[PDB]
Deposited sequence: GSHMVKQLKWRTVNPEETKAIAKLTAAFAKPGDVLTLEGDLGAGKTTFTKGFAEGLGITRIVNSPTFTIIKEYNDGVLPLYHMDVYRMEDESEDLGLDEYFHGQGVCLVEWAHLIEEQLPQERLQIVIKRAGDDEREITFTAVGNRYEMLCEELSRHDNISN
């Protein structure tokens, strides 16, 4: 392929993972699409809870789709495990956070921010952001300048 830009974090506890998600949500825009990958127990739900908190959402954060409009931006959290018409959400005006998105690769927009959470060694996690498209390179650049 061509080159992709990435950010990579290491987190040693779920609060650090939530903090990264909170930072990311602060700079999301309509209609961003974030895919969220990682093995069972890696921390995708944990990430998603922190993302919702970063949008100012105060409730749950699986039912294929679930929607939140109480924040600064609507959040369409999806868990496509297992296996349409998702296109209205992807081109909506909120943020789509798509867990296990690779199970519906054929339906995804070409551009997205791919988030992968991997277990590394101890109880630790490595979270990689991969920008696919100029919008998501700009998002990652904003996150890097505002690294708390």
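Identify which parts of the deposited sequence carry no C-alpha coordinates, going from the N-terminal end onward. 1, 63 to 66, 89 to 94, 160 to 162 are the stretches of the deposited chain that have no C-alpha coordinates in the structure.
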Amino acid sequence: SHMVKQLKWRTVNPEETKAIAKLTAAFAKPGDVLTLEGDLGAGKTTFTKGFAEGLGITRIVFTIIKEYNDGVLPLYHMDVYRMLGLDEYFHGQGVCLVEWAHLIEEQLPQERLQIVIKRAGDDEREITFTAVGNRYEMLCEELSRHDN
From here on, numbers count along this sequence of modelled residues.
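Please work out which of 16 to 24 and 136 to 144 has the higher mean CA B-factor as recorded in the PDB entry. Comparing 16 to 24 with 136 to 144, the higher average CA B-factor belongs to 136 to 144.
For the C-alpha atoms alone, is the average B factor greater in 95 to 103 or in 62 to 70, going by the entry? On average, C-alpha B-factors are higher across 62 to 70.
From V80, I57, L34, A42, can you pick the one with the highest C-alpha B factor in the entry? Of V80, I57, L34, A42, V80 has the highest C-alpha B-factor.
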